[PDB]
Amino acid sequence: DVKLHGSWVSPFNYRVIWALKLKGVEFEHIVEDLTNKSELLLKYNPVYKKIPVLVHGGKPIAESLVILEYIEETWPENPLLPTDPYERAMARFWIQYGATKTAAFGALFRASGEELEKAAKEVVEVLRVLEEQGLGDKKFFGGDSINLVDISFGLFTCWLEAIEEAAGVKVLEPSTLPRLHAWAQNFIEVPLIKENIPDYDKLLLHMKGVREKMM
C-alpha cells in the first residue's frame, strides 16, 4: 500500500523513513540506482526524476518536504506538527529556512583552503541563527520530542559530520554552537533515529566521492 522509492545514503529519503516509522506506517523500501533509473521512478516523478518518491495506493508524492506534510495529514496520530497556527507557521518558517540555506553547504564540496574557511564560517552563521532563533533552550525543535522541524534538520547530524571529515573543516562544534551541538547528539541518540541512519563509514565514502567529482 505504501512504497518508498529511495536510496541508502540520501538524507532526503531518510526524512521520509523517520516520519513513516514515527507514524508506524508499514512500507516497502525500493532502493533505486541513480545511474540507470527504473521506469516506475520516471513515471512517478517526471518533473525532477529524483528520489524520494512515496507511492501510496499507486499515487506518487515527490519532494521530501511535500511527502512529510502528506504523511502528517494522512496519518494524523503521533502528531509531528503543533496544532496552533502560529506555532505551525514558525515550524514551516524554519523548515523553509533550512531548505533555502542547504545551498550554502555546496561550497563545502567545491571550495579549498582560504575560501573553504569562508564557506565554513558562513555555514556556522546559518546554524547559529537556527540555534538562537529556532531551537533556543528546547531539547528538540519540537520541544520535548522530535517533530517535522527536527526531521528536516537531521541532515545536519551524521551527513554534515561526514561532509566535515571529507572536506577537512569544522562547522558544528560544541564551543561555537553549544545548544545545536547538544541537539545533534540528542537527535542521533533517539532510538528511532539511531536504528535508522546510514553507516558512518559508508556515508563518509559517499561524501569523499561527491567532493572528488565536484573538486
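Between two forms, the rigid core is the largest collection of C-alphas that superpose within 1.5 Å. So that there is no doubt, residue numbering starts at 1 and follows the sequence shown.
Q: Fit on the core, then compare CA atoms: does 97-105 or 81-89 lie farther from this form in 6 other deposited structures of this protein?
A: Stretch with the larger root mean square C-alpha distance in 6 other deposited structures of this protein: 97-105.
Q: Which has higher Cα B-factors on average according to the PDB entry: 45-53 or 160-168?
A: It is 45-53.
Q: Going by the B-factors listed in the PDB entry, is the mean over the C-alpha atoms higher for 199-207 or for 17-25?
A: Higher of the two, by average CA B-factor, is 199-207.
Q: Pick out which of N78, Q133, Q96, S112 has the highest C-alpha B-factor in the PDB entry.
A: Comparing C-alpha B-factors across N78, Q133, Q96, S112, the top value belongs to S112.
Q: Which of these has the highest Cα B-factor in the record: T83, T74, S145, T102?
A: Among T83, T74, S145, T102, the PDB entry lists the largest C-alpha B-factor for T102.
Q: Select lowest, middle or highest to describe the third in which the CA B-factor of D150 falls within its chain in this entry.
A: As the PDB entry reports it, the C-alpha B-factor of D150 lands in the lowest third of its chain.
Q: Against its chain's modelled residues, does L68's Cα B factor rank lowest, middle or highest third?
A: Tercile = lowest for this residue's CA B-factor.
Q: Going by the recorded CA B-factors, say which third of the chain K139 sits in, lowest, middle or highest.
A: Its C-alpha B-factor, which the entry lists for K139, ranks in the lowest third among residues of this chain.
Q: Tell me, lowest, middle or highest third: where does the Cα B factor of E125 rank within its chain?
A: Tercile = middle for this residue's CA B-factor.
Q: Consider only the C-alpha atoms of the modelled residues in this chain, order them by B-factor as the entry records it, and name the third containing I30: lowest, middle or highest.
A: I30: CA B-factor falls in the highest third of its chain.
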